[PDB]
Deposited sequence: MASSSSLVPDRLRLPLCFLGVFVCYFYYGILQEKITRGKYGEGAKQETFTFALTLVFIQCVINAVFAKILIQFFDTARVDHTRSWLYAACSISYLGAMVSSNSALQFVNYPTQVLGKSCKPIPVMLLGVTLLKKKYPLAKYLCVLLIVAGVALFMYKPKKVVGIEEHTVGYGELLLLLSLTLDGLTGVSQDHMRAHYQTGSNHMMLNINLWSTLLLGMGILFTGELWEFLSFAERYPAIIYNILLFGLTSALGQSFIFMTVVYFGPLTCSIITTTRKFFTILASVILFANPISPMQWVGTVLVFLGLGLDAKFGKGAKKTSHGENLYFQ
């Protein structure tokens, strides 16, 4: 049973996803792409329909034991995190976003330690040193010699909301014995409903066609971005059931490092050497916990 599709499928698709996301966000159209909610709405609905058409061809005996409200709260947290992350690209540069967003464990770790009252032996005190050193050497100058950018605040709030969603997921999985496809399916429906409800009130989507009228070449790319996102979500779901979940961490780390490399190469984003070694340090620490002492 050769399974090369476990690597290629989740690698090439997410690589195209990242390249498209960078293309349509920082594209020098002049009217910058200030709209951050429409694309996440489209992505959510596309991935939801793909989830339905996928579960239709999978096991049916499973019965969703999860209650309604937990999915709703997890959906608000998840959609808020995604919206805040995407809206921040107007200030910061792409490589900084994909690096900062990648340090997911630290928010979850601190939230669990302060709230869940957990314990981790010399693992959340050792790899954290490498992670924080890398982050605080890459984006930061030596001594602020050569108010912080508002995008950093948005990224920090995104990390906080993402940690909240993660802890919520952990609870609904442990104490309620939820599944994998059902969870993502329900949270997607709730998130898209809430996003649409808010959007119609915001008075922007009614005004969003005119922007499309200005540049008719912003429809195919966004559709492809949604399609690849949904395909990648389905592929990662299919992987996680095989070889356990530990492979997912290494897969994502490799994908994000190659995404950094492609971003710096293709789009000519300047980077300094002393800065450049910053990303490798944080990436090495990231996933090292998964390889040794998962936590």
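What the model leaves out of the deposited chain are the segments 1-11, 41-45, 163-167, 317-329.
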